[PDB]
Amino acid sequence: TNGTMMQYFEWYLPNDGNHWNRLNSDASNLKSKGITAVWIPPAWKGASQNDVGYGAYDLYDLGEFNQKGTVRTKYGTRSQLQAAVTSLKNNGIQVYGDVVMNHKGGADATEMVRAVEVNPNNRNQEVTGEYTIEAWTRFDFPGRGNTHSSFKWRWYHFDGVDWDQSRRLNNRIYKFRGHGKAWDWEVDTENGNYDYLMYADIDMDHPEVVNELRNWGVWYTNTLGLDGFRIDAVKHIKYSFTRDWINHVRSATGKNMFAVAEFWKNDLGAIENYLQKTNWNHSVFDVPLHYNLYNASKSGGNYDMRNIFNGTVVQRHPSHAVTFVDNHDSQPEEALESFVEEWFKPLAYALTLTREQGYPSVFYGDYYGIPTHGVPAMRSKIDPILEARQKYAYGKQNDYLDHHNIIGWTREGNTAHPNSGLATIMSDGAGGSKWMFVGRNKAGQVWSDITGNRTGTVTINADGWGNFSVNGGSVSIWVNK
Ligand SMILES: [Ca+2]
Ligand SMILES: [Ca+2]
Ligand SMILES: [Ca+2]
Ligand code: NA
């Protein structure tokens, strides 16, 4: 109950190889602040040392082998990583490892492959005849050899690429020809078929590939003692593959591994379809909510706060929603930039952390800041909200999303959690107040604002109602502290 996840990384982190050590030493602090699970960045070797990890080169090289001109990953060595995981385990924190199975970048060499070009806006349409290209599809892992795995990758393990080394044409997507070669299905349908994204696209129609990824999933889980996964680019991955990959790993390890997938599309309909096709066996990030939060912080007070949860995953399917404010996709200077403004960020974290539905995530970028882009650390403003969730956000929830600026909700608390109960009130515009029911058993209690934004107190009347206040463009969370 009331667990809280933290994405322990941001895109522009320094390439000093000291991140695992940072996580190691931060473990006890994170636990005290209310963090119960840590999602670590890609732990394997990327196309280069400074690769964030999504340009996944070798999933079996966790900063252990000399490959790509380096032994360590951007974050550190395998031993530093494992020492970090131990520190988290010792402090009772669950560990979720990132998972990148849609593609492989940084191939060791090229191969001559027969293929056709397809329409980038409709991959279902071939725009050229057949011809030979030079594709980066060969992986031999020279620095690792067969350690951990003898599986080698070749062009037939992929469906296509976006670069012909012999001609170097731009804005092209190549679909390989051959027995049983075709874009996978089912996948998101934007662009006709969104199977292809970047680098060499892994062919989930190939049995050797499916067998290899499942085996790696188990090895990965057992090697690091992972408790769950954060799955990358699932809208570009054959839906049934992801569903069954998760099932396989859970069954092979005997661990009911938690899993949250990133289906990045601001479309509830698309996300709900993904959930049905994967048989609801895992969660997804609430991307629609992220956009609602983002758009609200950009509307200068004119966003209708009554609709903040409209069209979101947490509203329609609370048990399968992982709620976040921002991540590495939406942070400054990214293709999908849509960063929730600072003034609104605290309201956003209050909206995800103090409500009873959804599994909230704290973004390292918001918590410790993003110095390369002028984003200050907001942990001083997040910690209070985290304490509210940890100690007060329990019991029955009463909603008051009844005003275009001032909205709020209360938690009545439960005996399982001593003194629990709260009244969150916020305004994306002018400040004000709102009467809310917190429970008749709270009659006479003198509540105060855990965020400290409001300095007075609010006494619950005989009938369990308190007249709570909030300042403009702010959030207050009253508790009986
Ligand atoms: Ca295929
Ligand atoms: Ca794909
Ligand atoms: Ca408003
Ligand atoms: Na594919």
Side-chain angles (χ1 to χ4, degrees), residues 54-56 99-105 113 115-116 118 120 123-124 135 137 153-162 173-210 212-213 231-243 245 261-265 274 277 292-310 340-341 343-344 347-348 351 400-408 425-432 434 470-475:
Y54 294 110
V99 180
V100 176
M101 304 190 286
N102 174 66
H103 56 255
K104 291 186 74 67
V113 188
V116 296
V118 299
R123 289 70 171 299
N124 290 315
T137 53
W153 298 72
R154 293 292 184 277
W155 72 270
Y156 45 86
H157 291 133
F158 303 103
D159 281 322
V161 293
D162 60 9
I173 294 175
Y174 305 93
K175 178 179 62 174
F176 297 166
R177 273 289 196 249
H179 288 313
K181 284 301 178 183
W183 294 126
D184 297 326
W185 182 255
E186 182 171 6
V187 291
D188 178 64
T189 50
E190 175 172 356
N191 292 136
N193 177 297
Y194 221 159
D195 188 17
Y196 187 85
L197 173 57
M198 60 202 293
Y199 296 122
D201 196 66
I202 295 180
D203 183 12
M204 303 306 182
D205 287 320
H206 196 130
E208 305 188 309
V209 167
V210 176
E212 172 47 38
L213 291 179
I231 311 178
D232 184 66
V234 297
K235 79 182 184 181
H236 305 288
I237 304 173
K238 185 177 190 174
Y239 295 177
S240 60
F241 165 77
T242 297
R243 172 194 72 207
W245 177 85
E262 174 172 291
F263 186 112
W264 197 281
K265 196 176 186 176
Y274 171 75
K277 298 295 165 58
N292 281 5
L293 297 177
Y294 166 69
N295 283 312
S297 75
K298 290 298 191 187
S299 305
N302 288 334
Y303 188 81
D304 195 331
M305 290 298 272
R306 288 173 295 188
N307 312 324
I308 195 67
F309 286 112
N310 293 3
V340 176
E341 292 192 358
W343 70 279
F344 194 84
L347 285 64
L351 280 156
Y400 296 87
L401 312 184
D402 57 21
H403 187 258
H404 60 89
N405 286 339
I406 308 179
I407 59 171
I425 179 179
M426 58 180 62
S427 183
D428 71 321
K434 191 196 300 298
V470 62
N471 297 320
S474 174
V475 57

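First listed ligand is number 1; within each ligand, the first listed atom is number 1. FYI, the numbering just counts along the sequence from 1. Hydrogens, waters and symmetry mates are skipped; everything else that's a heavy atom, side chains included, is used.
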Next on the checklist: For a distance under 3.0 Å, tell me if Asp159 has an N/O/S atom near the Ca ion (ligand 2).
Outcome noted: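 No, outside the cut-off.
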
Next on the checklist: Can you tell me how the ring of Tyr194 sits relative to the ring of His236, calling it parallel under 30°, perpendicular over 60° and tilted otherwise?
Outcome noted: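 Ring orientation of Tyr194 relative to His236: perpendicular.
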
Checklist entry - Is the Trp155 ring parallel, tilted or perpendicular to the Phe176 ring (thresholds 30°, 60°)? => result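 If you compare the ring of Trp155 with that of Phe176, the planes turn out perpendicular.
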
Item to check | Inter-residue atom distance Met204.CE - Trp183.CH2, 0.5 Å rounding | outcome: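 Reported value, rounded in 0.5 Å steps: 12.5 Å.
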
Checklist entry - Taking atom CG of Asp201 and atom CG of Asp162, what is their separation to the nearest 0.5 Å? => result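 Here the interatomic distance stands at 10.0 Å.
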
Checklist entry - Any side-chain donor paired with an acceptor under 3.5 Å for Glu262 and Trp264? => result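 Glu262 vs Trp264: no donor-acceptor pair found between side chains.
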
Checklist entry - With respect to the Ca ion (ligand 2), what is the nearest N, O or S atom of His236? => result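 The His236 atom nearest to the Ca ion (ligand 2), restricting to N, O or S, is O.
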
Checklist entry - Which pair of heavy atoms, one from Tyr174 and one from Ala115, lies closest together, and at what distance? => result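 That would be CB-CB, 4.4 Å.
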
Checklist entry - Between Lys265, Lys277, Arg123, which is the residue that forms a salt bridge (charged side-chain N to carboxylate O under 4.0 Å, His left out) with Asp188? => result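 One option only clears the test, and that one is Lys265.
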
Checklist entry - Once rounded to 10°, what is the value of the angle centred on the Ca ion (ligand 2) between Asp201 OD1 and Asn102 OD1? => result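 The angle at the Ca ion (ligand 2) comes to 90°, rounded to the nearest 10°.
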
Minimum-distance N/O/S atom that [X] presents toward the Na ion (ligand 4):
X: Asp184; result: OD2
X: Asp201; result: OD2
X: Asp195; result: OD2

Item to check | Metal-centred angle, OD2 of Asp159 through the Na ion (ligand 4) to O of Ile202, rounded to 10 degrees | outcome: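 About 110° at the Na ion (ligand 4).
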
Next on the checklist: Would the distance check show the side chain of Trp343 and the main-chain N or O of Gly473 forming a donor-acceptor pair, the cut-off being under 3.5 Å?
Outcome noted: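 No, the answer is negative, given that no donor and acceptor are paired below the 3.5 Å cut-off.
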
Checklist entry - Which protein N, O or S atoms does the Ca ion (ligand 3) have within a distance shorter than 3.0 Å? => result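 Less than 3.0 Å away from the Ca ion (ligand 3) sit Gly301 O, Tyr303 O, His404 O, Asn405 OD1, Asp428 OD1, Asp428 OD2.
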
